[PDB]
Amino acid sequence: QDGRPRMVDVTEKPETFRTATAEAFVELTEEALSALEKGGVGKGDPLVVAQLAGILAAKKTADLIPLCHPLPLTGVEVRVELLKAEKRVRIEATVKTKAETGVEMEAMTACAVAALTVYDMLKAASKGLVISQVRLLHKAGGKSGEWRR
């Protein structure tokens, strides 16, 4: 019984309210930005589709992250705004639940997939786009307690 892959046993940990908020950014290029403001490259609105994709991702997290716990989610929010001046798209997501485990991954993942979704909705205009700074901003509940960046 060495240090090998395993899903930590949290059977005896209580069922407390958990939450987590994350964010991701997408660095745009002129062409990219030009298209976005024109409504996309013909596939639909990048932000609208990516926003829904980010929510769906939150629900598929345990399917993408190997040692992650399957959890019923009680809430999922996702914001996908365009920071016109900075040439950036900003995604932020907040997930909530009632289980023995946290939801930092459901939050982190929601942001990464919505980021990938914006990329797919605009790579035809420019493939140099970059997804940057995907990071956690807060979480609460359980034992660790509150946390903010």
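Note that residue numbering follows the sequence shown and begins at 1.
Checked against the record, the higher mean CA B factor of 94-102 and 110-118 lies with 94-102.
The deposited CA B-factor of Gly39 belongs to the highest third of values across its chain.
Annotation for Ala85: CA B-factor lies in the highest third of the chain's modelled residues. In this PDB entry, the Cα temperature factor of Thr11 sits in the top third of its chain's modelled residues, the highest group.
Among the modelled residues of the chain, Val130 sits in the lowest third by CA temperature factor in this PDB entry.
Split the chain's modelled residues into thirds by C-alpha temperature factor. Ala140 is in the highest one.
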